[PDB]
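Shown below, as structure tokens, is a lone chain in the form solved without its partner chain; questions about how it binds or moves come after it.
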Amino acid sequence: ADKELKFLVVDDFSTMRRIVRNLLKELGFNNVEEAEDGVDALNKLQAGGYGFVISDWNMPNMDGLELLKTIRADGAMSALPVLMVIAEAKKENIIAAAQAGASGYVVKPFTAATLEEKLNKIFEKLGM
């Protein structure tokens, strides 16, 4: 992929946002911005130029699943890649995410190697 792909990392926990940012950076991706809930996320997405969204499941104001749905329903950004971050490999939560159009999901905590592999799978389907 283009090393300049612009990512948005969304989590209300500042430490995790910083952790993910470090992992992306280690993978060669330095163009990353943060948001702390789905509302903040949506306000930032409107400026434009984002190519990928990495979002936690649980957040105040607007959670992960609601963030996903909004993007999926928006004409200008309906096809934006969205990787959902979840706390346990719970079949039923994973199902909720697939039903909402998630591009992929990852279980936290995760290593750089796992992140790389989940990104690479989304890239290949979208010819990124």
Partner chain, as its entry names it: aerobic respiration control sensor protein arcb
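Numbering follows the first chain given and starts at 1.
The following text describes the form deposited with its partner chain bound, which does not appear among the structures shown.
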>> I'd like to know if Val53 sits close to its partner chain in the entry with it bound, meaning any non-hydrogen atom pair within 4.5 angstroms.
In response: no
>> Given that its partner chain is not shown alongside this chain, does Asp12 nevertheless sit within 4.5 Å of it in the entry with it bound, heavy atom to heavy atom?
In response: yes
> With a 4.5 Å heavy atom cut-off, would you call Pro60 a contact of its partner chain in the entry with it bound?
Replying inline: yes
> in the entry with it bound, which residues of 23-44 put a heavy atom within 4.5 Å of its partner chain?
Replying inline: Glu36, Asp37
